[PDB]
Amino acid sequence: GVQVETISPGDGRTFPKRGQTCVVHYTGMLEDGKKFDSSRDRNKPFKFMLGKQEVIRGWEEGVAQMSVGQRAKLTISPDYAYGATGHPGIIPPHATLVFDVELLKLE
Ligand SMILES: CCOC(=O)[C@H](Cc1ccccc1)NC(=O)[C@@H]1CSCCN1S(=O)(=O)c1ccc(C)cc1
């Protein structure tokens, strides 16, 4: 599933609701720890609507547990990410994914 390990705490009271747009900054890594993507390096937060299934299951469920302001490490097993298929061109089959995600704002 998805594990959430806090880096820096959020407000502990404002949690994303389905239908809201989560605004975040993230870095993604495979098990070797190497960065394969980063919104921070583009200096532009990434946005997604919780519940629209436009991000992997680990992200919908992991970010849903965070509060605004929280920065956490999300460790996602393959079944909650790309499974046996992977995402051709960047994530191989059977990949556990680790993301550093900071929930910046809700819109
Ligand atoms: C039910 C499935 O939804 C999705 O697999 C998506 C769709 C998407 C891919 C790249 C950029 C934006 C949106 N990606 C991710 O959920 C995940 C987490 S959210 C950040 C994006 N990425 S990722 O960082 O793991 C990734 C980066 C680049 C590529 C090309 C593919 C995946």
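Residues numbered from 1 in each chain as written, not as in the entry; some residues may be left out. Heavy atoms only, no water.

Looking at the entry header, you'll see X-ray crystallography listed as the method and 1.8 Å as the resolution.

Enquirer: Got a minute to help me understand the layout of surface pockets in this structure?
Expert: The gaps of empty space that remain are located by a probe, the size of a water molecule, rolled over the atoms. Size it by volume and the largest pocket reaches roughly 250 Å³. Lining the largest pocket are 14 residues; nearest its centre among them are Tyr26, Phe36, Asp37, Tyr82 and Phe99. Going through the elements one at a time, β3 (35-38) and β6 (97-106) are the ones with two or more residues in the lining of the largest pocket. Residues of the lining of the largest pocket, tallied by class, amount to eleven nonpolar, one polar and two charged. (1 Å grid on protein atoms, 1.4 Å probe; cavity = no way out; pocket = protein on both sides within 12 Å on 5 of 7 lines; lining within 4 Å. Points joined across faces, edges and corners; volume = space filled by probe spheres on them. Helix = DSSP H or I, 4+ residues; strand = E, 2+ residues; numbered from the N terminus. Nonpolar A, V, L, I, M, F, W, Y, C, P; charged D, E, K, R; others polar.)

Enquirer: Just checking my understanding: could you explain the site of the ligand for this structure?
Expert: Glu54, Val55, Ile56, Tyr82 and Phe99 are the nearest of the 14 residues found near the ligand. A distance of 3.3 Å separates an oxygen atom of the ligand from a polar backbone atom of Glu54. Contact with the protein chains covers 67% of the free accessible surface of the ligand, which is 640 Å². Among the detected pockets, the ligand sits in the largest pocket. Partitioning the shell around the ligand into residue classes produces ten nonpolar, two polar and two charged. (Near = heavy atom within 4 Å. Polar contact = N/O pair within 3.5 Å; in protein donor to acceptor, adjacent residues only side chain to side chain. Areas by Shrake-Rupley, 256 points an atom, 1.4 Å probe, with all protein chains shown as cover. Sits in = over half its atoms within 2 Å of the grid points.)

Enquirer: It is not clear to me how the UniProt feature "domain: PPIase FKBP-type" in the chain should be interpreted in this structure. Could you clarify?
Expert: UniProt records the feature "domain: PPIase FKBP-type" at residues 19-107, using the numbering of this structure. Across residues 19-107, the secondary structure splits into 9% helix and 37% strand, with the terminal C-alpha atoms separated by 10 Å. (UniProt positions renumbered as here; feature names shortened; annotations may be inferred.)

Enquirer: Before we go on, may I ask you to explain the pattern of salt bridges in this structure?
Expert: Side chains that differ in charge, positive against negative, can pair when their charged atoms come close. Under the definition given, this model contains eight salt bridges. Note that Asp11 and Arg13 form a salt bridge whose closest N and O atoms lie 3.7 Å from each other. Judged by its relative accessible area of 65%, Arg13 is exposed. We note a salt bridge from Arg57 to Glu61, for which the minimum N-O separation is 2.9 Å. In this pair, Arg57 and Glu61 are both assigned in helix α1 (residues 57-64), four residues apart and thus about one turn of the helix distant. We classify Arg57 as partly exposed; its relative accessible area is 46%. Under the relative-accessibility criterion, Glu61 is labelled partly exposed at 33%. Linked through salt bridges whose partners overlap, the residues forming this network are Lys47, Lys105 and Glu107. (Salt bridge = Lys/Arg side-chain N within 4 Å of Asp/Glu carboxyl O. Buried < 20%, exposed > 50% of the residue type's maximum accessible area, 1.4 Å probe, protein only.)

Enquirer: Is there a simple way to think about the packing of aromatic side chains in this case?
Expert: If you walk through the whole model with that rule in mind, you get eight aromatic pairs. A centroid spacing of 5.6 Å and a plane angle of 65° characterise the contact between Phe48 and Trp59, whose relative ring orientation is edge-to-face. Placement of the pair is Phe48 in strand β4 (residues 46-49) and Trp59 in helix α1, with a sequence separation of eleven residues. Taking relative accessible area as the criterion, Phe48 reaches 1% and is therefore assigned buried. Its relative accessible area of 4% is what places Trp59 among the buried residues. For the pair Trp59 and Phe99, a centre-to-centre distance of 5.4 Å together with 85° between the ring planes defines the contact as edge-to-face. Taken as a pair, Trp59 in helix α1 and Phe99 in strand β6 lie far apart in primary sequence, 40 residues in all. Accessibility assignment for this pair places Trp59 and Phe99 in one class, buried. A network of ring pairs unites the aromatic residues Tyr26, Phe36, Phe46, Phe48, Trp59 and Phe99 as a single cluster. (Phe/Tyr/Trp six-rings, centres within 6.5 Å; stacked < 30°, edge-to-face > 60°.)

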